[PDB]
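Protein chains in written order, with PDB author numbering: chain A, 358 to 408; chain B, 869 to 971; chain C, 154 to 204; chain D, 561 to 612. For reference, the structure discussed in these notes is given below.
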Amino acid sequence: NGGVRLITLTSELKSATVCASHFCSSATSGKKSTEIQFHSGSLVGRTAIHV
Amino acid sequence: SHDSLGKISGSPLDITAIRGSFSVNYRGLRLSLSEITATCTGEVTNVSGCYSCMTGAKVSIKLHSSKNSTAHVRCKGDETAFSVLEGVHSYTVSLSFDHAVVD
Amino acid sequence: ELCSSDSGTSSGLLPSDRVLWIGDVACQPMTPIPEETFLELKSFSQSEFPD
Amino acid sequence: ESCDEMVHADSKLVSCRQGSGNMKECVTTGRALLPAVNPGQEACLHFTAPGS
Ligand SMILES: *[C@@H]1O[C@H](CO)[C@@H](O)[C@H](O)[C@H]1NC(C)=O
Ligand SMILES: *[C@@H]1O[C@H](CO)[C@@H](O)[C@H](O)[C@H]1NC(C)=O
């Protein structure tokens, strides 16, 4: 509901960047299940996530 | 009850018997060990279930490794062991917790 | 230990009492089995005789 | 499914050898006890080796 979530199984997450239709984001903490949000209600419609 | 070697059964109301423990004895058997385990790391995905009750609380764990099945989860409150497969898959196991907010 | 000379064996015809079969054993047609079952049976046998 | 009620009664009780060249075992003998469980559960028996 808040945003997208990246799941890593090989090792920890060092750094990654996500892309959206008209927005982008980049965040990293170093855990397995990390959450990345763009804004409040910015993704409304049909879009493709490119991480 | 449809079952081999016996067709007589019966079940009264909830009895809650005292003990039904087993007794296992070994005489001879072989088991192969790999001892070639490599780097493996997993994480938690979902969590749900009851309180400290009969069915317990089921927690889904995802792993990723090259070995078929080499894993042993150990934690306080309860210990649960399970088997995995080669590659990345999804597995669901249940543990015993004694707190509503499991954090 | 050795094959000593015998006058009764010069005729070349020996009776059936001079043939001894150590132990009573009979044979029969068999069926091939996988190696896992054979290894398990060998392990159980070597566990049943620790001396 | 899940598993509970671990025992580990006879860990490190092997007298094996090189094991066919790379890694094998011969036999494991001991004794353990499994407590009662609810109908529809699994009781796992995890062994522990000093080498593996
Ligand atoms: C984890 O997310 C929800 C939570 O219940 C669950 O329905 C879903 O099936 C789970 N994800 C996978 C990949 O099984
Ligand atoms: C792992 O599993 C696969 C498929 O079940 C099997 O072919 C292979 O022999 C297994 N390897 C080991 C070491 O058990």
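Note that beta-carbon positions come from the ideal geometry of N, C-alpha and C, so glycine has one too.
Residues of the same chain with a CB within less than 8 Å of the CB of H932(B), apart from the 5 flanking positions on each side, are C908, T909, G910, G955, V956 in chain order. Using a cutoff of 6 Å, the CB of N914(B) counts as near ligand 1, since one of the ligand's heavy atoms is closer than that.
In chain order, the residues positioned with their C-beta nearer than 6 Å to some heavy atom of ligand 2 are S902(B), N936(B), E954(B). As computed with DSSP, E911(B) is found in a beta bridge with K930(B). One alpha carbon belongs to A384(A), the other to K930(B), and they sit about 22 Å apart.
Shortest Cα-Cα distance from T190(C) to any of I904(B), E903(B), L901(B), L897(B) involves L897(B).
With contacts defined by Cβ atoms closer than 7 Å, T905(B) and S562(D) do not form a contacting pair. If you look at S372(A), you'll find it isn't in any beta strand (DSSP E); DSSP assigns it neither H nor E. Distance from the CA of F380(A) to the CA of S916(B), rounded to the nearest whole angstrom, comes to 34 Å. Looking at the backbone, the Cα of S934(B) and that of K926(B) are separated by about 25 Å. In the DSSP assignment, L192(C) falls within the alpha helix (DSSP H) that extends over 188-201. No residue range can be given for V941(B), since it is assigned to no beta strand (DSSP E) and is classified by DSSP as neither H nor E. In the structure shown, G161(C) adopts helical secondary structure according to DSSP, grouped into three states. Closest in alpha carbon position to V970(B), among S877(B), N914(B), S872(B), is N914(B). Within the segment 577-608 of chain D, those residues whose Cβ lies closer than 8 Å to any Cβ of chain C are, in chain order, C586, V587, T589.
Rounded to whole angstroms, the Cβ separation of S902(B) and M583(D) is 7 Å, and the two are in contact under 8 Å.
Under the three-state reduction of DSSP output, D170(C) falls in the helix class. Rounded to whole angstroms, the separation of the alpha carbons of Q578(D) and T589(D) is 19 Å. When Cβ-Cβ separations below 7 Å define contact, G924(B) makes no contact with chain C.
Distance from the CA atom of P168(C) to the CA atom of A179(C), rounded to whole angstroms, is 23 Å. At a cut-off of 7 Å, the C-beta of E188(C) has no neighbouring C-beta in chain B.
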